[PDB]
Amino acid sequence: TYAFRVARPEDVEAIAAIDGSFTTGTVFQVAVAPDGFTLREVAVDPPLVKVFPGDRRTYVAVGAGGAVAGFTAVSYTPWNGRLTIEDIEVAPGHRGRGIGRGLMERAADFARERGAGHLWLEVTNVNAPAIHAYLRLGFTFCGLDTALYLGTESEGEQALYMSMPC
């Protein structure tokens, strides 16, 4: 059984060690036309390995022994009532136990507390696993930026944008 709280300074090491790295046999391929964009899930072989290089809050999911099993960092922009999920990670050995949903429910709580109109996140097109998890939690594609990762370690990837009403 897992419990939730606001992250504390002593959690910083455990949070950094839940690093987000993953292997995927699928990516969301972006086809650019002059008049629009198509997202299509596509097989890759060999599997792709991805390693990552007041209105803010970080929540931590905690096991019975007090160990951080996941976290979410969120930020509110009053201008458009957007709660951004800046990061959400569940430790690999603690997946499929509802922690992801629980951290997103804490994000939804902060949203309602601030009077947000929608949840929003950025996810790289190669992160098919996270995209599938977000789809199941009720997020849909609201856009993308094919240029965001130009001149970065992630060049060749596209930033996909997902939202849901609060």
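Residue indices: 1-based, along the sequence shown.
Q.
Can you count the deposited residues that have no coordinates between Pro53 and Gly54 and report it as none, 1 to 3, 4 to 9, or 10 or more?
A. In the record, 10 or more residues between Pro53 and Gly54 lack coordinates.
(Q) If you average the CA temperature factors as listed in the entry, which stretch comes out higher, 56-64 or 123-131? (A) Result: 56-64.
**Q.** Given 18-26 and 152-160, the range whose Cα B-factors average higher in the PDB entry
**A.** According to the entry, 18-26 carries the higher average C-alpha B-factor.
**Q.** Given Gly102, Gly117, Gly70, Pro34, the residue at which the Cα B factor reaches its maximum
**A.** Spelled out: the listed residue with the top C-alpha B-factor is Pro34.
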